[PDB]
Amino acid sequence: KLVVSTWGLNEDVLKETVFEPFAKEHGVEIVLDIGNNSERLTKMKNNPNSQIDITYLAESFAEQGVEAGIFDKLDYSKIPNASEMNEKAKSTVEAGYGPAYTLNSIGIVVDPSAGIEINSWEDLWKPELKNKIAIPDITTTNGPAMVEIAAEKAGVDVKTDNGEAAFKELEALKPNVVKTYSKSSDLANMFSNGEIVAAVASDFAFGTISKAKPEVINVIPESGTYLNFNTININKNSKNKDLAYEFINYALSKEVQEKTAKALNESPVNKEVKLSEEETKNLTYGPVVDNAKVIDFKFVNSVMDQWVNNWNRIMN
């Protein structure tokens, strides 16, 4: 029996595509413990007798579990498929705990009919964009990326000054920000109503906005996009670790990565995957990944309370 802590979104497809084949191949039963990142993480951190074997989380939350001492540092000699991960995703392998099994990216979604040229992240600060952009809130997946983007503009890495210069650049961006968001649905309507001309948004969000306003384009600055990952960890209290390792190795396999890309719109971390143009629609795939930047969540989580305070003080 393998107990899996996960979101369980599109549960039927998820079971059909990922868990059932594994269960049948290994002659075992899979049980899901579902909920959102925060509730699942909170429960396992406070439960002395957790029965969870493996845990799926966004990297930001996974790092909090690592810090809490809930997850095992992994023996990658038992996960040979990790050798097939792209160089950016391998940053999670180097970290030593659970590896990324999927990735996502951001871009600048732009309505080109406004005739305002936007090519780089720094262009978001142009005076012509007064009252015309939306950015992700600090509490969302891409909040940290937004602070790092501001750090690039300032020319001071957040590890040098804990982000103070980045926050001064965020103050400077204020006249152009219509709102900080949290919902993808929110952006589609803002573009449809002409409330914004540009938004820093995820690959998934570009797809949603495009359905409402097909003329929008997705600009990826030459300096590089920012990636975020979801990872799989083995719980330290697990009594089924050999099977847990087999499962992670399976989740990273070329076949499972291809199946989940197609069935669940999960961008692959396995560089050997064969996918068509229609299949990679709205996924993050290709050269974009090679030039991308990754975030150090060990560092970011250590300054998150400060960042949230600073962000709210500045943006409201």
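When you see a residue number, it is the position in the sequence shown, counting from 1.
Between 283 to 291 and 45 to 53, the higher mean Cα B-factor belongs to 45 to 53. Judged by mean Cα B factor in the deposited record, 242 to 250 ranks above the other of 121 to 129 and 242 to 250.
Among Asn104, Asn189, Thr140, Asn162, the highest C-alpha B-factor in the deposited entry belongs to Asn189. Taking the deposited Cα B-factors for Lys88, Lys236, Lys174, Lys153, the highest one is held by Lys236. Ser267: CA B factor lies in the lowest third for its chain, per the PDB record. In the PDB entry, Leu74 places in the middle third of its chain by CA B-factor. Annotation for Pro80: CA B-factor lies in the middle third of the chain's modelled residues. When the modelled residues of the chain are ordered by their C-alpha B factor, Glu195 lands in the highest third.
Placement of the Cα temperature factor of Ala134 within the chain: lowest third of the modelled residues, per the deposited record.
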